[PDB]
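Input: a single structure, listed below in structure tokens.
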Amino acid sequence: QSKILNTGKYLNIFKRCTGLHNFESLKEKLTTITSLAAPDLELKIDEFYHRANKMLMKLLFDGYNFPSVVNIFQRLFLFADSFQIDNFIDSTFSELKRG
Amino acid sequence: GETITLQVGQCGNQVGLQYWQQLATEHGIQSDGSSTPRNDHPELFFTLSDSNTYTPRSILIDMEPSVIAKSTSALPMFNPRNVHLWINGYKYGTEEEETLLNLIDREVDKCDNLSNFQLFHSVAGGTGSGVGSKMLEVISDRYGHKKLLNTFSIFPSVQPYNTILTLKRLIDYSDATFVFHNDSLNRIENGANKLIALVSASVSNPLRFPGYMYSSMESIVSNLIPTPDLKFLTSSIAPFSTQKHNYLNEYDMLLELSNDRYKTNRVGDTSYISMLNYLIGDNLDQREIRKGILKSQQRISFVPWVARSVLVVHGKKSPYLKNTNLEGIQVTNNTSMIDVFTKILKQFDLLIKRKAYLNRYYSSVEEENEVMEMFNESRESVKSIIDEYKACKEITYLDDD
Amino acid sequence: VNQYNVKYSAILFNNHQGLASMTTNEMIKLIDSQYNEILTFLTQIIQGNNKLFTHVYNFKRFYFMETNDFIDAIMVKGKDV
Amino acid sequence: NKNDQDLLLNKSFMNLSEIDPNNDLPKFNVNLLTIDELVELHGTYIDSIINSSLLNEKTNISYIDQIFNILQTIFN
Numbered sequence: 375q376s377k378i379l380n381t382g383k384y385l386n387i388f389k390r391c392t393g394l395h396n397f398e399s400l401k402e403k404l405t406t407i408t409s410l411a412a413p414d415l416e417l418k419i420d421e422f423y424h425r426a427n428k429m430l431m432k433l434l435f436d437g438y439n440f441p442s443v444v445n446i447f448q449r450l451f452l453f454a455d456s457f458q459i460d461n462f463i464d465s466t467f468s469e470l471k472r473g
Numbered sequence: 003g004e005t006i007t008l009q010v011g012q013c014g015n016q017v018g019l020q021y022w023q024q025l026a027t028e029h030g031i032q033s034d035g036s037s038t039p073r074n075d076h077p078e079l080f081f082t083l084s085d086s087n088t089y090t091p092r093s094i095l096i097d098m099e100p101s102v103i104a105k106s107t108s109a110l111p112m113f114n115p116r117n118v119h120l131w132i133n134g135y136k137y138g139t140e141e142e143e144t145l146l147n148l149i150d151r152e153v154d155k156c157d158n159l160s161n162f163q164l165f166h167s168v169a170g171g172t173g174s175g176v177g178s179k180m181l182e183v184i185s186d187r188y189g190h191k192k193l194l195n196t197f198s199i200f201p202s211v212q213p214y215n216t217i218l219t220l221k222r223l224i225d226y227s228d229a230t231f232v233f234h235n236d237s238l239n240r241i242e243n262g263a264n265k266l267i268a269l270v271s272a273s274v275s276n277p278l279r280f281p282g283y284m285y286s287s288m289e290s291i292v293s294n295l296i297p298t299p300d301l302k303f304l305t306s307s308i309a310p311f312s313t314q315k316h317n318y319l320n321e322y323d324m325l326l327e328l329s330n331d332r333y334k335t336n337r338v340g341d342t343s344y345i346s347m348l349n350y351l352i353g354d355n356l357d358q359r360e361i362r363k364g365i366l367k368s369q370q371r372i373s374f375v376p377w378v379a380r381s382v383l384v385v386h387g388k389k390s391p392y393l394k395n396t397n398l399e400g401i402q403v404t405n406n407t408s409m410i411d412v413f414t415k416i417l418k419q420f421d422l423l424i425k426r427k428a429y430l431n432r433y434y435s436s437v438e439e440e441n442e443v444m445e446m447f448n449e450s451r452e453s454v455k456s457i458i459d460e461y462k463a464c465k466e467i468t469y470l471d472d473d
Numbered sequence: 381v382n383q384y385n386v387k388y389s390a391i392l393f394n395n396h397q398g399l400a401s402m403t404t405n406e407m408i409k410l411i412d413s414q415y416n417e418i419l420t421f422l423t424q425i426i427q428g429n430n431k432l433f434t435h436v437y438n439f440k441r442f443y444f445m446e447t448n449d450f451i452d453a454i455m456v457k458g459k460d461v
Numbered sequence: 624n625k626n627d628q629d630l631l632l633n634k635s636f637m638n639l640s641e642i643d644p645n646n647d648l649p650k651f652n653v654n655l656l657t658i659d660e661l662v663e664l665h666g667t668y669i670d671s672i673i674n675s676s677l678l679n680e681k687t688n689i690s691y692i693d694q695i696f697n698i699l700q701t702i703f704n
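Chains as they are written, first to last, in the entry's author numbering: chain E, 375 to 473; chain S, 3 to 39, 73 to 120, 131 to 202, 211 to 243, 262 to 338, 340 to 473; chain V, 381 to 461; chain F, 624 to 681, 687 to 704.
Shown next as structure tokens:
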């Protein structure tokens, strides 16, 4: 259940983000589930889930540049570069200590 | 905040040339002030124009134009407008007080938020030492005590008189004075200005290459000066780097940085008042540093009344230096200052009982009385600091008995 | 406008048989191409031949008093009118 | 550049070898604005000036009234 729900959500996120109406541009060959009584239903679900993760992962990392977003969050929140916040405290030292 | 560098005398100018060459190399600034292809902050030490040129904030002061000419020609990006050209030198400094006061006020106005004054000068520099001694007085008077001063004074290897006269004002007005001896520098080398330049450049590394902590000079200095009387610092440098047989781990850097042979001043048994170690490498293993800190705390003899804490800053190496191995600098506050000050006082007394060369300074009866009272005050101040450093060693320092 | 009409009629009615005889992907692509072309030409006119920025600058120059010499001339000349 | 969250996405992680409609369509050094966008742009530019902090209608009196009172003083 989790795999099905997350595969569908991830493909929906990809379509809504990159604007594609459907995945025609990729021209990939896909196999559909032939029947509910087929023996490879779990394998097909796993393959679809892996495809969805592959696409969404590459979107986030290559396209949306998530690795740099991690460094930006580190700097802004945990002061991995403390120069700016030091200037801020110095500039407003009298105010910050007031009630 | 921004810092202003003051260079006084021939030795000061040469050391400053090496220092600025090192700093420009670290920030990739070319000799003409043009940039080279930001996360670092050279603005604290260089003025940036709206035409993309970096010029040093330093001010050059010397009695003769040959040294200044060499320094300016070697580094064309110096601003010529900042160039200006013992008792006789100090009286000469009184005459030029207005020009120098305005000259320094120009640099202070040019920066946005001043932090501290750096001073490169030699105590044994003769006339230049006199003009620098006057510089300290005028700066401290006009700017009050809100802005602190750091003096990288070079100690000496008739000289005793000059050393005492300069040390009186060095004690009175400086806020954090480094001590360097040419004897220990040439012993380490077994030119010499390249060690002082390296130490001074590394001391401010956390400011120019920001990290998680130690973003200001106040934090760096306050860890080493518990009392304004004990203001003299001993610096240690690890020389074994860039060779094949370098220190294999930062932990061995922490253990072997404490060797007495690497210290930049003559030392027997000493008690440490405060510690702070610089480690500068692209990547630093935390667990090695934790083990080294524990061993360093268990090995080093601190004075009883100090918190007994060892601080290690995790400096970041410059992108413009290609993948070089780890290097590190150690700055300490020891009670070893009593030995060198006692040596200076012994020389001064030996040469003051014998009226050897005082004729060059005593011009008349009023001059005799003036020089006598000045010398007595300087001697008393030096004895006072020796007694303070000696009372720090004992355990009854905080007792009112 | 006529050139555009011919160009895109040659796609709707010659390449295909109308909007109905077009899959959604190709229909969206066609509309996107038309949108880009139309706004490109609208810019090339309005900020081109019309020079929108220059006339906005002149609006600021005259209405917001910038050319003070002209207004001083008006006031000195019309001080009696 | 009117930098926006949609301009952030670099779509070239997709292969996208093709370009459309053609190389004949210029790139114009100015943001492509719709008609309503141009109207709104000029309207906001004027509104910012006329409704500035000093020129707004907000001693329970506005700044404009005080300025005009001083102007009447100068006229007198």
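Yeah, the Cβ is synthetic: ideal placement off N, Cα and C, and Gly gets one too.
Over what stretch of residues does the alpha helix (DSSP H) that includes residue i continue unbroken?
i, result
"residue 142 (chain S)", "142-155"
"residue 414 (chain S)", "409-425"
"residue 445 (chain V)", "No alpha helix (DSSP H) holds residue 445 (chain V); DSSP gives it neither H nor E."
"residue 407 (chain V)", "404-423"
"residue 411 (chain E)", "Neither: residue 411 (chain E) is in no alpha helix (DSSP H) and is coded neither H nor E."
"residue 671 (chain F)", "658-673"
"residue 223 (chain S)", "212-226"
"residue 461 (chain E)", "457-465"
"residue 270 (chain S)", "264-274"
"residue 389 (chain V)", "382-389"
"residue 700 (chain F)", "691-703"
"residue 449 (chain E)", "440-452"
"residue 628 (chain F)", "628-631"
"residue 38 (chain S)", "Segment: none, residue 38 (chain S) is in no alpha helix (DSSP H) and carries neither H nor E."
"residue 399 (chain V)", "No alpha helix (DSSP H) contains residue 399 (chain V), which DSSP labels as neither H nor E."
Run through the DSSP bridge pairs and tell me what residue i is partnered with.
i, result
"residue 9 (chain S)", "S:95, S:165"
"residue 234 (chain S)", "S:200"
"residue 172 (chain S)", "None, per the DSSP bridge assignment."
"residue 1 (chain S)", "Residue numbering for chain S in the displayed model covers 3 to 473; residue 1 (chain S) lies beyond these limits and cannot be assessed."
"residue 133 (chain S)", "Answer by DSSP bridge pairing: none, since residue 133 (chain S) is not bridged."
"residue 90 (chain S)", "S:82"
"residue 119 (chain S)", "S:96"
"residue 374 (chain S)", "S:344"
"residue 334 (chain S)", "S:307"
Please list the partners that residue i has in chain E, where partner means a Cβ-to-Cβ separation under 9 Å.
i, result
"residue 703 (chain F)", "Neighbours of residue 703 (chain F) on chain E: none; closest Cβ ~43 Å, over 9 Å."
"residue 423 (chain V)", "In chain order: nothing, as chain E lies at least about 22 Å away."
"residue 408 (chain V)", "395"
Over the uninterrupted beta strand (DSSP E) stretch that includes residue i, give me the two end residues.
i, result
"residue 399 (chain S)", "399-406"
"residue 387 (chain S)", "384-387"
"residue 82 (chain S)", "81-83"
Using a cut-off of 8 Å between C-beta atoms, extract the partners of residue i located in chain E.
i, result
"residue 632 (chain F)", "391, 392, 437, 438"
"residue 636 (chain F)", "432, 433, 436, 437"
"residue 405 (chain V)", "395, 396, 398"
Which residues in chain E sit within 7 Å of residue i, going by Cβ to Cβ distance?
i, result
"residue 281 (chain S)", "455, 456, 457"
Between residue i and chain V, is any beta-carbon pair separated by less than 7 Å?
i, result
"residue 402 (chain E)", "no"
"residue 651 (chain F)", "yes"
Contact criterion: CB-CB distance below 7 Å. Does residue i meet it with respect to chain F?
i, result
"residue 419 (chain V)", "yes"
"residue 427 (chain V)", "yes"
"residue 413 (chain V)", "yes"
What does residue i touch in chain V if you count any residue whose Cβ is under 9 Å from its own?
i, result
"residue 655 (chain F)", "416, 419, 420, 422, 423"
"residue 643 (chain F)", "409, 412, 413, 416"
Could you tell me whether any Cβ in chain E is nearer than 7 Å to the Cβ of residue i?
i, result
"residue 76 (chain S)", "yes"
"residue 286 (chain S)", "yes"
Closer than 8 Å by beta-carbon distance: list the chain V residues that pair up with residue i, in chain order.
i, result
"residue 648 (chain F)", "416, 417, 420"
Residue i touches chain S at which residues, Cβ-Cβ below 7 Å?
i, result
"residue 460 (chain E)", "286, 287"
query = Which whole runs of the beta strand (DSSP E) in the segment 279-331 of chain S are 3 residues long or more, in chain order?
reply = 303-308
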